[PDB]
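What follows is a set of notes on a single structure, which appears directly below.
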Amino acid sequence: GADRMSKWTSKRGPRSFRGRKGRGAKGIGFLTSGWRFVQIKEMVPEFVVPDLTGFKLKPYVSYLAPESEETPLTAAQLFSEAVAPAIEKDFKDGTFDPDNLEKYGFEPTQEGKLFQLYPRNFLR
Amino acid sequence: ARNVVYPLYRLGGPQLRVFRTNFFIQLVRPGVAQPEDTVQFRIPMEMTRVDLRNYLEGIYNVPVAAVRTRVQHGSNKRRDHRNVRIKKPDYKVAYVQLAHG
Amino acid sequence: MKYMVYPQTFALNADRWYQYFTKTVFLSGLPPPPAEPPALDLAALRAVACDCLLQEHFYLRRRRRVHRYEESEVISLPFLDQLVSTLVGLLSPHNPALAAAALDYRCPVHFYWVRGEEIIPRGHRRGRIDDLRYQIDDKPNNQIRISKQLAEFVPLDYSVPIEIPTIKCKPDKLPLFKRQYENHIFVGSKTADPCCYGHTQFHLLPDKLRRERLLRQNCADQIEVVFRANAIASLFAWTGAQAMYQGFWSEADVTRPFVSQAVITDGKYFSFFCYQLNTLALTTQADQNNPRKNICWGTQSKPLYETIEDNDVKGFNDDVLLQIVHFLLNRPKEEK
Amino acid sequence: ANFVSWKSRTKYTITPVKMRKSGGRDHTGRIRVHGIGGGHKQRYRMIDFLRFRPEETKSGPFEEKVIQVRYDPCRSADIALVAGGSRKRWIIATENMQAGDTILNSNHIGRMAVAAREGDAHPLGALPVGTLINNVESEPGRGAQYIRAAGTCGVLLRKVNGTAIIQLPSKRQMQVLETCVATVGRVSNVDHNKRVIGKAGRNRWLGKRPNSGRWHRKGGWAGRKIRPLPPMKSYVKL
Amino acid sequence: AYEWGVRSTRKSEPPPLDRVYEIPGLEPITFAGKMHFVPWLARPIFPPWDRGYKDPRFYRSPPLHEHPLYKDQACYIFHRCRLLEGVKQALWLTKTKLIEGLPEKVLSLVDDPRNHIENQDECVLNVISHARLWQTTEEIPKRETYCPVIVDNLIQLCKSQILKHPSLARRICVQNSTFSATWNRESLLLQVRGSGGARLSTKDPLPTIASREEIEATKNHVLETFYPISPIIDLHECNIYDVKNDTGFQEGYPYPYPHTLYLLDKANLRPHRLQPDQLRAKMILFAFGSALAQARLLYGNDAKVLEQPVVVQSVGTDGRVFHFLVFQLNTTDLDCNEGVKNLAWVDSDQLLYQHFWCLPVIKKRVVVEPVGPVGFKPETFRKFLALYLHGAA
Amino acid sequence: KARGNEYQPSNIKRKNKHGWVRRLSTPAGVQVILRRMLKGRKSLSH
Amino acid sequence: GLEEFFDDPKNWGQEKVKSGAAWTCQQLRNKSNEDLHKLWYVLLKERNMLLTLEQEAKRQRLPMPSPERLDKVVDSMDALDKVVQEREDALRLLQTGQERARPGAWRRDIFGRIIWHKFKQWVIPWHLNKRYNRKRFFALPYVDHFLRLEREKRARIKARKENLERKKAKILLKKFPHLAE
RNA sequence: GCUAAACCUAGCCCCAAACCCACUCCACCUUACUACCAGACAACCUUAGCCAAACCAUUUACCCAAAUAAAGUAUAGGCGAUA
RNA sequence: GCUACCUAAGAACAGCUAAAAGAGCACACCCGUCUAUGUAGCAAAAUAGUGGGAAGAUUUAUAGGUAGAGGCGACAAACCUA
RNA sequence: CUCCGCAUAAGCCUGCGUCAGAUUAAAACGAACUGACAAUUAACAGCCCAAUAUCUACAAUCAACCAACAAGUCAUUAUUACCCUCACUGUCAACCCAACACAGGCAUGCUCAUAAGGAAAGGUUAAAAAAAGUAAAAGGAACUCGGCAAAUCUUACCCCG
Ligand SMILES: [K+]
Ligand SMILES: [K+]
Ligand SMILES: [K+]
Ligand SMILES: [Mg+2]
Ligand SMILES: [Mg+2]
Ligand SMILES: [Mg+2]
Ligand SMILES: [Mg+2]
Ligand SMILES: [Mg+2]
Ligand SMILES: [Mg+2]
Ligand SMILES: [Mg+2]
Ligand SMILES: [Mg+2]
Ligand SMILES: [Mg+2]
Ligand SMILES: [Mg+2]
Ligand SMILES: [Mg+2]
Ligand SMILES: [Mg+2]
Ligand SMILES: [Mg+2]
Ligand SMILES: [Mg+2]
Ligand SMILES: [Mg+2]
Ligand SMILES: [Mg+2]
Ligand SMILES: [Mg+2]
Ligand SMILES: [Mg+2]
Ligand SMILES: [Mg+2]
Ligand SMILES: [Mg+2]
Ligand SMILES: [Mg+2]
Ligand SMILES: [Mg+2]
Ligand SMILES: [Mg+2]
Ligand SMILES: [Mg+2]
Ligand SMILES: [Mg+2]
Ligand SMILES: [Mg+2]
Ligand SMILES: [Mg+2]
Ligand SMILES: [Mg+2]
Ligand SMILES: [Mg+2]
Ligand SMILES: [Mg+2]
Ligand SMILES: [Mg+2]
């Protein structure tokens, strides 16, 4: 006689079931003795909101704007724009070696950084 | 944020920070008489009352004293022409009380 | 089903709502002293209060770490227990009534009453009249009961040009929740106990309502609300329960006022209140033509001390200690 | 099934232990023994059947004081709380064991037999022939496994080549090494077999369920059989 | 011998190791690279894991022998210890002689009717009725409830006599205080760790009870032994301890002298309540511990007969029965069994009342017994009051 | 006496008896899910 | 303040509110990350206001003024996400070479299907994780028959679809007989 | 005169050919679709029977890797049915 | 998830007589002796009255165990989703 | 009239709130049906616990006399580790299991007759037969297989267990 098709939610079942199931909210702490919840400040997402004073970009764009061709950014294009100029300049100077690749911005390992690209350890 | 993985926290680790939040909220007119200082919202299901306090204060600079939330059941009673139940989506309601009179 | 009214409440501006439920007007300051026709050793009293304060904070050695969340129960609660115990002992010569008074520790106080009516909005009982019922379950850290009633602060017909605040929505929005359980009217002891009157109550605010946390939640203006709400609710229940022990109720309103005093503290800041119960006729029927109002007097909370460094109490405030003593020196008027 | 034996405690204690009934079911959940179920709840008091267990740092004969003799729900015989040194333990009480008595747990076998006091534990080699004994073990150090029920007693019959011949309550002889320790006297509750149940309900309190109503025709197994006493059972290896 | 713990309940033994490991020069292909179990690959041998950082909720303590305070000699620690032999065991442990009855000095205090409380009998009866009946909303208050309150109210009743005796204002009743004292008996290291109950603290030490002639007359007394039971039975044999001697308060406490120790036996269940002899034994050891801690503070850690004996009192009750103890510490040279001995005056089994009826006993619509105390004995409170008045009146 | 009311709903029992985890705990139960997956059942289990 | 949840008070009740275009991926690709970070919140506040107005319109049973405004804001915010994601994806490839931010692996499940198992974060190693080890990342032989039956089910569906298209192509030539070329 | 009647598409079947097979973010073996903890359990093992033999008891065809032919032949079998 | 039996940890049993109780009278509660009604019915086993028990081998809520060549059974060839 | 009723648990999942539709409740323009819009806000409840060793003989019943057997729901210490705080979820209804808006099934607390909750008659007529009751001259089991049923409140036996 049970409804098999409807979504299983925390509203259904006995008291123990209803309190164990949630709605997808991420936890921000743990329970201690006596069912006392300890909130961790570091676990609460901190909204990094910028100052918008004197910001000239608005929600919409003017219709009298010239159309341009879509060119998605690629790793090659980023390397050419950011890394290639410095490598070309040091090549002409005559002082270029693989040891100095960190100078040009290569990161041998992601460990030890606050924002690690893989595995990604930061929020959108 | 929603539909994202949260970096796991360990004792002594960095503060968790969100730079571009995808939580969107809508201020709604209360259906019943409410106190003068009370503001009603419909927030995402994954947004906690702690998030809403920091969300309103950080982005809107609204001083919040208290936040209460509840989960409203959306009706699953309606039936389409195929006699298949149509689910009105569930939504979370928040009650925000202003902090300085 | 009745509303659960908590004297110690996290609800914002709860004092205004509690005034409505109890038909209590609040007045700033203490009641007007009566003009009517042994030496107090301030030095001795101050030393006992500093001794108790230093005992819990410093001298008494703790076997176990005292964490911040445990400080209220482990440190503050013994202080108020001992502070009340010693002071009444030293003040027995000045006040004979104290010698025969009953000193309770964390004893329940219950009051149940009906205020107002509502039309049932939904269900098979929709559209029918239902009384709005209320219940206060309070546990004063300490209290003092006496066998003779204290004198009224003002006349029973006392009138003030101050209206009782009204609420334009349901009590549920405070928030306030309903529950059904035993309706208890209890002063702290059963009716057989001779000590059926109330002298002074001492309340300790819980850690959840600590001053430090209210400031962090943008609730600086609720600090005094928390004290006032606890005073109004606690003393209304206590004096109300006392009146009903004497046979009074909504249809047989009190023929004399019932007064009591409360000391509200969080362990450092102390606030002093006096409550006079002038009427129990709070139902819609009995309140239709009721000019009486209940009165509550309250002072702003003041720190008893500034800091405690090692075994030194810095900035001890004698005025706060004197105010505690003045309540403990109150006694019933002796008949001829 | 998910049956887990309650007999999980690993450290000896005199605190009564919560025990779980079986209902005559095995670990599979199927009935293995019929006629078991319900009854009053009981707690298990751990009985030490090795009377000669010296304390951790001690050795040799030691004495214990009887603190209390009391009812045990888990067995027919009464049990006695005894204390010696810094240790307390449950043991089976003898017929005349009472609080305040002192008992002697020795492992010494001497040229002459000791004067056997009821409730004392001695090696079988040290006891006079004909002594009434109880709580007898098959091999030295194994622990008492025989003559443990209320009122039961054995008799030391012979002592030959470092061995002792005992008569079991069933009257079948039992050869053991003379170093096997026994307790002198009869087990407590001599009148256990005289109890009257009185009504069906009392058997239910004891955890016994009624017999099947199925009528079974008796077969050749039934009827009196006069058989010789079985040959002496021997635990000594030659 | 029978071994406790059936094998089916014990941790299952590790499955047999794959035979590829046995073959030398062969590298087993395991599922470790796959990061999950598969039935057709070999079980990897995982190296032991260490978290490498502090997680208080997942802490594991070091092995017991590696603790800094681990000592090879055991210290037998005595509020939850229940002595098998009761007072006799306590008398031996504290090298004290027992005199039956309270000291005449104490009992004379209440023989003067000027020291009696006004309406004493009615006042005490109300205290019993309050604790046993009028206390709560529940019909029948439980012992965990009325036992603490009946003692508090009786102390409050005695504290009403500050009017007659101004010296009663130099004492306070302290809660949650603890004390520790360590001493040696026949080479056995003993420690009492006191906790629970109320410590009545005075600014002035209690007058000595026994003259120097009675103290010297204890040399003849021989401590009774109770072979085969050890004097240390039912004590906590501890191999990780510190030789702490503590009064429970830091130096400078205005009320440093222990006057009375109020010990409660408030457990609702009878098997969880100390027997009368066991409660008296706890009182003796706690009184001795408090006295010894004071002596070690005032007169150093040396072992010597004390020129100024330390007197400490104790009142033990379960809510109805009251025990009274006056303990005098005459010596700290406790290792020997011979010499000056301590003195303890003990008045046992003092019933304040026989029974209390919370409901009327009605047989055939006739109230056989009314509600209230049955068999109230005012003498019991007179001894309670005398102990309180001691050192003030 | 009257029949037809054999169903006495209990979420704990329903989940334990017919739930996803229960089904996967044995090879026969896994095959139940596979048959229902092959038929295209919207509800593979309770 | 709370006024930012509502449109300009002069626009209340207007049948139409004119709006500009949605930001395009190319236009946003010229802006710095800091500018895009600020623009996100500018677009975010506009989105909340438009969502507030949409709900109030339903409450009042009135049409929403200029409903295309909401679509534009969503398109602009979707473009901003894509632009920022592209920059992070390119940087990850250069510094790590990994095509996905989240670790994962191809796995076979208890039902014999090949699945991409996205990894989760844990504090203890996998060999000690009791719940993780209860999961079966392998299929036993009894699954083989079902895999074939499922493969054959797919083959039948695909065969019907292909045959139907051919039938439809012939029906088309019948109606329009000039498509022979 | 009502109720009705009438329709030609949706798609489907059998062959041929060709090996087959996924993917947005997030969730999902615990009570699946549940962010976040100390475990270690692990897969294989003859189908049977209806039925035919007019009962039934030995026995009674089941793709197993080239259409055809050798051939329903050699051979097997309560030398029966049949294989 | 019915039912038979079992396991874990719970709950209920007024009043009167006797005061000892698988004791009596008698509610709640459990059961279903006899009659009538009903018989596609209110019900694929009910209703009304009358009855048996009602501190016990009692009744009962919750979770769990035993599965068909079987289980369970104070044997009625009972009961194991009409 | 009052069988109840109110609340909790379990179950159920928006299932008589507002606006509008003439869709319909075994009748009916009110609506449990349709569409749209609302709503249940934690203090109650659920969701708990660092490690190793060690501790835990003495029921309950007003727990006091007294007597028991079927022998019982409630307990730590030592050392190490530990600064942090109020998140998340349940909260609606005239409701559940019986194909139904079914005279059945359905745990606990309180109320012990109610302050709560309800309506046996669509209108008429007043034949038969049928159902449920009430009263009855004289007689009093003559009825019937049988004192079944009803009324009344009873004596003495027998068989079986
Ligand atoms: K027994
Ligand atoms: K029915
Ligand atoms: K429902
Ligand atoms: Mg909530
Ligand atoms: Mg047994
Ligand atoms: Mg038999
Ligand atoms: Mg038989
Ligand atoms: Mg069915
Ligand atoms: Mg059931
Ligand atoms: Mg055949
Ligand atoms: Mg046949
Ligand atoms: Mg059981
Ligand atoms: Mg009864
Ligand atoms: Mg009976
Ligand atoms: Mg009866
Ligand atoms: Mg019959
Ligand atoms: Mg039932
Ligand atoms: Mg049966
Ligand atoms: Mg038969
Ligand atoms: Mg038959
Ligand atoms: Mg069936
Ligand atoms: Mg709570
Ligand atoms: Mg409700
Ligand atoms: Mg039906
Ligand atoms: Mg009504
Ligand atoms: Mg009607
Ligand atoms: Mg009619
Ligand atoms: Mg009609
Ligand atoms: Mg007649
Ligand atoms: Mg006849
Ligand atoms: Mg007759
Ligand atoms: Mg006839
Ligand atoms: Mg009859
Ligand atoms: Mg019979």
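Residue numbers (PDB author numbering), protein chains in the order written: chain 9, 14 to 137; chain U, 2 to 102; chain s, 89 to 125, 135 to 433; chain D, 61 to 298; chain 5, 30 to 107, 109 to 423; chain 2, 47 to 92; chain Y, 63 to 243.
Each residue gets a CB set at the ideal place from its N, CA and C atoms; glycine is no exception.
| Query | Result |
| --- | --- |
| Can you name the start and end residues of the beta strand (DSSP E) that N165 (chain D) belongs to? | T162 to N165 |
| Is the shortest distance between the beta-carbon of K88 (chain 2) and the beta-carbons of chain 9 less than 8 Å? | yes |
| Leaving out five residues on either side along the sequence, give the residues of the same chain with a beta carbon under 6 Å from the beta carbon of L130 (chain 9). | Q123 |
| Please compile the residues from chain U whose C-beta is within a distance smaller than 9 Å of the C-beta of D318 (chain s). | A66, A100, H101 and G102 |
| What does DSSP give as the partner residue(s) for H179 (chain Y) in the beta ladder? | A167 (chain Y) |
| With C-beta atoms as the reference, is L91 (chain 9) less than 8 Å away from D97 (chain Y)? | no |
| Under 8 Å between beta-carbons, which chain Y residues line up against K71 (chain 9)? List them in chain order, please. | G82 and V104 |
| So is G37 (chain 9) in contact with chain U if we call contact Cβ pairs under 8 Å? | yes |
| Applying a beta-carbon distance threshold of less than 7 Å, which residues of chain Y neighbour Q16 (chain U)? | The premise fails here: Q16 (chain U) is roughly 17 Å from chain Y at the closest Cβ pair, so nothing lies under 7 Å. |
| Quick one: give me the first and last residue of the beta strand (DSSP E) that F114 (chain s) is part of. | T112 to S116 |
| Distance check for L163 (chain 5) and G295 (chain s), CA to CA, integer angstroms please. | 19 Å |
| Could you tell me which residues DSSP puts in a beta bridge with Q232 (chain s)? | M92 (chain s) and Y209 (chain s) |
| Express the C-alpha separation of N269 (chain 5) and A240 (chain 5) in angstroms, rounding to a whole number. | 38 Å |
| With the cut-off set at 8 Å, would you say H146 (chain 5) and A422 (chain 5) are in Cβ contact? | no |
| Give the straight-line distance between the Cα atoms of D234 (chain 5) and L184 (chain s), rounded to the nearest whole angstrom. | 20 Å |
| At what residues does the alpha helix (DSSP H) containing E116 (chain Y) begin and finish? | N95 to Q122 |
| Does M18 (chain 9) have its Cβ less than 8 Å from a Cβ in chain 2? | yes |
| List the whole-angstrom C-beta distance separating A97 (chain 9) from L156 (chain Y), where the pair is believed to meet the contact cut-off of C-beta under 8 Å. | Incorrect: roughly 12 Å between the Cβ atoms, too far for contact. |
| For the alpha helix (DSSP H) containing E58 (chain U), name the first residue and the last one. | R50 to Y61 |
| Which first and last residues belong to the beta strand (DSSP E) in which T336 (chain s) is found? | No beta strand (DSSP E) holds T336 (chain s); the alpha helix (DSSP H) holding it covers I320 to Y342. |
| Would you verify that the beta carbon of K265 (chain s) is, or is not, closer than 8 Å to some beta carbon of chain U? | yes |
| Taking 7 Å as the cut-off, is the CB of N263 (chain D) close to at least one heavy atom of ligand 6? | no |
| Kindly identify the DSSP beta-bridge partner or partners of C268 (chain 5). | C104 (chain 5) |
| Against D97 (chain Y), what residues of chain 9 qualify as contacts under a CB-to-CB distance less than 7 Å, listed in chain order? | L70 |
| Answer yes if the stretch 238-245 of chain D comes into contact with the stretch 193-206 of chain D, meaning at least three C-beta pairs across the two stretches below 8 Å, and no otherwise. | yes |
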